[PDB]
Structures are given as structure tokens and as C-alpha cells.
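In C-alpha cells, the next block holds one chain alone, the form deposited in one PDB entry.
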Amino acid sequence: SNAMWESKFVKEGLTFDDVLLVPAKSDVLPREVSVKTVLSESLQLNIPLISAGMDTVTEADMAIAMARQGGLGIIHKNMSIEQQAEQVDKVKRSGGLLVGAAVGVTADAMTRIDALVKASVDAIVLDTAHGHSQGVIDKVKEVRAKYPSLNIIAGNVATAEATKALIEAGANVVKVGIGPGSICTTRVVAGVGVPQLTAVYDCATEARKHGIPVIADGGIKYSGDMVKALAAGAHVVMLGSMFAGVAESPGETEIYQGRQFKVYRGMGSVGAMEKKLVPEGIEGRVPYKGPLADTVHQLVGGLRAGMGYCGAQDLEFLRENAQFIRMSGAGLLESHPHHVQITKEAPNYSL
């Protein structure tokens, strides 16, 4: 059987910069469109934005800000169970907001989940590097079996086989993304990954047939990518780098060459793990952006504008009807502003 040998290089992948959204007939202004989205009856959002579960991205103050903006925050797991449980309770006491918490496939996973459920968390996030693993699937089964009503976000995966496997396991929402992270080196050190736009589209295609929403995680640098991700089949996107510079992100502002910066690093980086192994991430920094409200406004505003061009009144019409168009690298250069000295920065370009 040469089926496997003769099909090693057949597949093709696309990402955000390979593609443009084709404008269609619009009977709706950007301010008129609806950006609401539903993961489940117990989990509904006013904006399709979820902050990443990372030690440099989301804690108590970040989750409260995201929820009050209409989004969701996933509290990272690089803390004790008691700490994460009382961080969830802190967010819930802050006005009955929505909040999530990250959990890993370990031995104390169910022990941590108990406290999170005891803290009345809305959704736990089973975060692993390879979501198509047997341990992950088996772990999801244990959770659903004990908590039939609890929202379970399982990831990360990048194929249809993996999405189906987790859906049958019992996951309500499937997080998609192997490699596209701004601080990720998984595709560099392991040589493993799938281009994000193709990944989201492939995983959605399977998940769309189960009534299962998918999360576009990592890879988004501009507002336009979020629109591309949602139109590719995603119900909601997850951001790390664009939320790291935000004031409400966990961290103290440092100074580099006079400017204000915030520490942003991978969970698979050396620094994050220590708090010798082979890292699948790096340690870096992003400019301080101020309050979250300004970043959200630029992001959501870009989505509204994008939905307006496609004639999409709401997010579902976008997924069902939006058409992309492929372009070369030369098209990307035309897409970006070109051949002009940039006097000053825009609040949506670069960040």
C-alpha cells in the first residue's frame, strides 16, 4: 500500500496573508451589524474575543475587563489551584461576569477542576500542545462524565480528524491552532503545524456538522485577520500578543530605550516553564497600549467595517457566505500601505 507514501505532499495550506475577503452586496452599515456570538446557551458573548490563558496575558483584572467589554478571559494555570480558584471567584464577585480557566491534562487536573467548579467558573479550558492525543481525549471523557453541564473547551488541534475525535469525546467548543502563535516556535523546533486559515476552515467543516463552535487561536496581528478567521468558520477568536500590551494584563510596565513595554512570552518558553527541556516558545515584549477599551474598540470596529463590506448583518451570515480570494506575496504588498513615508501611527496600525 503506497497510499501513505504517495500522499505526503498533496495537501496545501493557506494563512491570513495569503488571502483577501471579497466584498459583496451590502444593505447594512458597520454600526448596524451584530457582532454577537454563541458558544452555548450557558456561554454567550457580545463580542467574539477571548483573551489567551497565559501568565503574561490573563489574570483576574484582565478577565473582568474582557467580560465588561462583552468578551471572555481565560485565567492561566501557572498558579496554585487555590489561587486560580480564588481568582475565578474574584471575577464572579465583580458583577456576575463570565470567566474561564485553563486546565492541563495531568494527574491533579480533576482536583483543579473541582475548585474551579466550586468557584462557579463558566468554562474550563483543557490546554495541551497536541490536542489529538489519547490522554487528552480520555481526559475530556472524565470531565464530561462528572460534569455533564460544564462547558469544555478542548485544544489545540489543526485537522478534521482531531476535531471529530474531541467532539465525540465531549467537547462543547474546539480550540484550533498549532503553530501560528506570535511567540511560538513549534513549527520551527518540531517542524509540525498547519497554516491557521486552512486549519480553522478544516476544523470548522467537521465541527459545523456537529453544531460545534470552533475558536481561532493565535496568528492574528491586525483586525483584518480576525475578520478572516471568523469568516473561515470560527465562532470566536483568541488573542495573546494584541492583549499583552494592554494595561489590565498581568504585569508591571518595564522601560526599554525610554519607551513603555510589557513582558510577553510563550507558555512553552524557558521563563514560563521554570516558574533542561526543549522549549516550543520564546520570551519577548510588546509596547504598552494602555486600557483594554481602546484596543477592543479598534478590533471590534475593524470587524464591523469588515462585516459591512461582506454585507453580513451578523456573524453567522459571515461564516456561511463570505468568500475569500487568493493572492501572491505581491498582492500582500499592495494590501499593506506602500511607497509612502509614514508620518504618524494609526490606532489600528500597526497595533
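Superpose the two forms; the largest set of C-alphas matching within 1.5 Å is the rigid core. So that there is no doubt, residue numbering starts at 1 and follows the sequence shown.
One more form of this protein exists, namely the form deposited in another entry; it is left out here, but the text below deals with it.
Peer 1: Superposing the core, which one of 239, 183, 204, 152 shows a C-alpha shift reaching 2 Å or more between this form and the one not shown?
Peer 2: Result of the superposition: 183 is the only one at 2 Å or more.
Peer 1: State yes or no: after fitting on the rigid core, is the Cα displacement of residue 131 between this form and the one not shown at least 2 Å?
Peer 2: It does shift by 2 Å or more.
Peer 1: At a 2 Å cut-off on C-alpha positions, does residue 329 qualify as shifted between this form and the one not shown after fitting the rigid core?
Peer 2: Result for residue 329: yes, a 2 Å-plus shift.
Peer 1: Residue 166 and residue 183: do their C-alpha atoms lie closer or farther in the other form than in the form you see, with a change of 3 Å or more?
Peer 2: Compared with the shown chain, residue 166-residue 183 is closer in the other form.
Peer 1: Work out whether the Cα atoms of residue 183 and residue 159 come closer together or move farther apart in the other form than they are in this form, the change being 3 angstroms or more.
Peer 2: Between the C-alphas of residue 159 and residue 183, the gap narrows in the other form (3 Å or more compared with this form).
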